[PDB]
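Protein chains in written order, with the entry's author numbering: chain R, 1 to 122; chain G, 1032 to 1122; chain W, 314 to 386; chain C, 6 to 231, 236 to 310, 326 to 589, 601 to 655; chain E, 2 to 57; chain D, 1 to 181; chain F, 857 to 898.
Before any comments, here is the structure.
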Ligand SMILES: [Mg+2]
Ligand SMILES: [Mg+2]
Ligand SMILES: [Zn+2]
Ligand SMILES: [Zn+2]
Ligand SMILES: [Zn+2]
């Protein structure tokens, strides 16, 4: 366990993690101990820089909107949906394959259409 | 430095001074107590890690500083099927 | 105290309840510490000999004081 | 990170099985005279004792290595001797088939509520415990088993019975088996245990019947070399020796009776392992007649000293310590920015000189012995954070002790004042608290190490802070003998000290420059000093006190007070006014211990720095 | 409004121990002694930041 | 996949660091105590984000330092079983393929690459299929699913994740996209 | 709270020695020697 007790946890997208990792990196610029990021943390940053398909804020907004779309879409599943950006029904299938509920073709298209926004265009 | 010699420091109220004379300058032994269990946990060289009996590696155990005599006493009571559950209290 | 006058030792005050440890080292007491401990129900403390036998600061004297200090700066 | 509490109880089989490092199955010891390592009772991932480090995953060499517990899967349940009477008191107080405490709803409701009013007093809880016992023991109609007539129990040393019914007017006694008893205690719900002497969580009744026997670690069973095997180990060997036979007979053919004999035998052996000095149990002796001492026989069955010499020339809180003793006793001082120079000069002076040192402890913790090698390259780039063990310096906190230690006043904190020769010097007024004289009396000297300890002693146990005794409202540290005689001569009607005497001797105290010594009261006979005035040169300028002296008696009692409702023609009723000694003479009434009238006043009104001063300067 | 003896001793000891393990001392500059006496002089000036939380 | 933890713990601020704001100081201690470590429960502790609030200081007999009840934010990473992830091949070996999916690497066995007979090209650094000419090498982007997690030590480099791309909708993006038609 | 209590939480004495004045600090048993304090008026 980290510390004495865990009071709150949240599932986070790669995009949001990219911002947090960049902060931790920029914080060093720390002078007295400098505090360099350990190797795997630097690796995680690089991977995050490359796989963050959305901007930090639009990723949050998409995550919240997907959560309010259905009850069977929790924070973890929504975060995964934002990380993957499913294009069609096949992509939705593999995401929910080992999950609690499997979306019908109809509600799958609802998710896709919501995710049809926010797509980076460039 | 026996009974009355303890009672004098007690009378003045010098606790630190007691421990100072009777323990800290002899055999101070450190054992790891589980928080929700009360049973002394377990370190491990070769692998370098803790793990209490009832709770498995996962549970954060806390260090406790004591005279070896009491550790031996806990052990003896425990061999007699008595459980000396240690109620920790925070730093 | 207790509602009746009782001797200051063994069959009275020293003889009564404190914590098991204040009778655990009660001189090899078979029919006591063996009897007291053979009844495993509860256990408190905040005594005196219990803490010195265990390696703890006695709760008398300074032990009943707690420090505090804000660290800026 | 320290111990708040300890909560005793009874170990569950699950615990003993989980807290075990390995299942002990082979009834054997070491064997023999070469190669002491087996696979049952000895270090089979269990514990280390020989100069060989191998262990249970934790490696941990013989040096520093907390022992690991083991377990034994008992082929059959076994009544714990320690609970025997308790188990009995439980059995004939509760219902079989039921699990109820044989008490009406009402009885439980008002009993528990009478059980919370007593929940702390161990002595007064047993009265109600046994009372409850007897009240249930008389009934035979419990409120949770349509009542089926309870065959009273019998006992001892570890056997149980039940005088059941099957014929009619008969009273045959069905024997009782540990399996039966245990499985009969497992029915008693958690709700009823509080009404007894047990716990639902800490101490279940079923656990009183051992199903698994916890094996003590190797570290708790050390071998006493000449090897003199450990008793526990031997008895354990017998226990497993029968246990395996039992299990092997259960797995094979079952003539029942055989299993019963073996079961009861196992019972005997465990009974002996718990307590060899038990009642009704033949003590398992070693082949010599000498009884084995098991568990119930197991938890049962920087200073200096020298002669003392007086010294009214040192401060009352100071102690004379022979510089040789000062060179042996050392103090741990961490090098910081204020003593960087001092400690470096100290360690450079080596174990010799006088202000030297003997050891040095670097931050890693390794102790360096300054003897060998040289103080040269050792005393280099010490850097801050190290630790020097310097010899005793003038002023260090030190405990002075004289046995027997009656009151607390027997151990007092002093200030080292390093001096040659070979005795402890004690300032004379500090003799009453120690009850020391001189003829040959020797005292102890303690040197505390941690800064917290030193401070605590210096703040709370210092001599000056204990001039008054807690026994009675009065000072304990004061004038002894000559102090009294000297106070008298100094404060006498005919006390006229020539300049030579006053001037040269006031240097035994202090305090003059301007408006102190002034101005020579008597130039009548000759210019001279009245003793009253010289004494007056010490008391502060506001203490006005008056109390009859020792001689204010017999027909010389008199009186002639006069309140304020200035000359001087009085003698007895000692009158001191703003430091000025108007009338009176100093004696056992004036100074000295026990009293309660002057030294007392200057310590209440002005306690620490002044009290010591008045004391110190008066003796001299 | 004041401290008890035990609290005084305790605080002094604590500060001294703080000073031993490093930790710069407040206003002291020209001295030449142990951390104990440093905390002691610091206390004589009432600059010891150690507060006694009393259970009340 | 990542997670944000808001945890209240107790931090011991050394006396040597009383010349630093408690939030900053405790932040340093916490970073030096937790960062770079795999907590089996939570996962890879990437970084202590910050120190929200800190309680009063308490001195304990023996230590002399200052213990505080702090509250802080951390970022962690746990690779749960059967979780779908996307990554980049960061190492080529004659027996398998390591794929960066985050702060750790995920090993994919050669028998779990593609629906075709795969052989390791020795002279070059790639895997080649017999029937289908699909080739996988260094710097390639893939999508796989965790099939096993080996959590040994808290040391991130001693724990190992196993994955496969032998399922519909997995593998290199060009395969995925070209198959949709 | 100025109370002498046994280590098992049992109020043995509501306010020590009835008055709460340490015998080492009292004027021969008296809880503040009143006749002395009054005289102190100069
Ligand atoms: Mg004498
Ligand atoms: Mg003598
Ligand atoms: Zn545990
Ligand atoms: Zn071991
Ligand atoms: Zn019944």
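In this text, a Cβ means the ideal position worked out from N, Cα and C, and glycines have one as well.
With the cut-off set at 8 Å, would you say residue 408/C and residue 361/C are in Cβ contact?
yes
Determine whether the Cβ of residue 344/W lies closer than 8 Å to any Cβ atom of chain C.
no
Using DSSP with H/G/I as helix, E/B as strand and the rest coil, what is residue 108/D?
strand
Given this structure, state the Cα-to-Cα distance separating residue 141/C from residue 95/C, to the nearest angstrom.
Residue 141/C and residue 95/C: Cα-Cα distance of roughly 10 Å.
Please list, following the chain, all residues that have a C-beta closer than 6 Å to any non-hydrogen atom of ligand 4.
52/C, 53/C, 60/C, 61/C, 63/C, 65/C, 70/C and 73/C
What do you reckon, are the CB atoms on residue 99/C and residue 202/C nearer than 8 Å?
no
Please confirm whether residue 455/C has its beta-carbon closer than 8 Å to some beta-carbon of chain G.
no
Closest residue to residue 350/W among 581/C, 208/C, 355/C and 384/C (Cα-Cα distance):
208/C
Kindly say whether residue 56/D, judged by its beta-carbon, lies nearer than 8 Å to any beta-carbon of chain W.
yes
To which residues does DSSP link residue 43/D through a beta bridge?
39/D
Give me the subset of the stretch 60-75 of chain D whose CB atoms are less than 9 Å from a CB atom of chain W, sorted by chain position.
60, 61, 62, 66 and 68
Which class does residue 26/E belong to by DSSP, given the choice of helix, strand or coil?
coil
Pairwise C-alpha distance: residue 33/D and residue 125/D:
40 Å
Do residue 335/C and residue 484/C have their C-beta atoms closer together than 8 Å?
Remark: C-beta atoms of residue 335/C and residue 484/C do not approach each other more closely than 8 Å.
From what residue to what residue does the alpha helix (DSSP H) around residue 253/C run?
240-260
Cβ-based neighbour list, residue 48/E, same chain, cut-off 7 Å, excluding 5 preceding and 5 following:
27 and 28
Sort 511/C, 65/C, 534/C and 46/C by Cα distance to residue 1135/G and report the nearest one.
Any answer about residue 1135/G is impossible in this case: the structure gives chain G only from 1032 up to 1122.
Say yes only if the C-beta of residue 100/C is nearer than 7 Å to one or more non-hydrogen atoms of ligand 5, and no if none qualify.
yes
Who are the neighbours of residue 385/W on chain G, taking C-beta pairs under 8 Å?
Under the 8 Å cutoff, chain G gives no residues; its nearest Cβ is about 21 Å from residue 385/W.
Given the structure, does residue 169/C come close to ligand 5, in the sense that its CB is under 7 Å from one of the ligand's heavy atoms?
no
Limits of the unbroken alpha helix (DSSP H) element including residue 654/C:
644-654
According to DSSP, which residues form a beta bridge with residue 627/C?
Its beta-bridge partners do not exist; DSSP assigns none.
Does the Cβ of residue 1084/G lie closer than 7 Å to at least one heavy atom of ligand 3?
For residue 1084/G, the Cβ falls inside the 7 Å cut-off from some heavy atom of ligand 3.
For residue 151/D, which residues from the same chain have a beta carbon less than 8 Å from its beta carbon, with the 5 sequence-adjacent residues on both sides left out?
38, 40 and 159
At a cut-off of 7 Å, is residue 147/C close to ligand 3 when judged by its beta-carbon and the heavy atoms of the ligand?
no
Would you say residue 56/E lies against chain D (beta-carbon separation less than 8 Å)?
no
Tell me the start and end of each unbroken beta strand (DSSP E) in the stretch 410-441 of chain C that is at least 3 residues and wholly inside, in chain order.
For the stretch 410-441 of chain C, whole beta strand (DSSP E) runs of length 3 or above, ordered along the chain, are 411-415 and 421-425.
Give a yes or no on whether the C-beta atoms belonging to residue 520/C and residue 553/C are separated by under 8 Å.
yes
Just how far apart, CA to CA, sit residue 379/C and residue 446/C?
Going by the C-alpha atoms only, they are around 18 Å apart.
Answer yes or no: the CB of residue 1072/G versus the heavy atoms of ligand 6, is any distance below 7 Å?
Of the ligands one can find in the structure shown, namely ligand 1, ligand 2, ligand 3, ligand 4 and ligand 5, none is ligand 6.
Neighbour flag for residue 13/D against chain W, beta carbons, 8 Å
yes
Is residue 71/D near residue 23/D, with beta carbons less than 8 Å apart?
no
Determine the direct distance from the alpha carbon of residue 442/C to that of residue 347/C, and round the result to whole angstroms.
5 Å
Excluding the 5 residues preceding and the 5 following residue 924/F in the sequence, name in chain order all residues of the same chain whose CB lies nearer than 8 Å to its CB.
In the structure as shown, chain F starts at 857 and stops at 898, and residue 924/F therefore has no counterpart that could be examined.
For residue 345/W: DSSP bridge partner residues:
The partner list for residue 345/W (beta bridge, DSSP) is empty, contrary to what the question assumes.
Three-state secondary structure (DSSP) at residue 306/C?
helix
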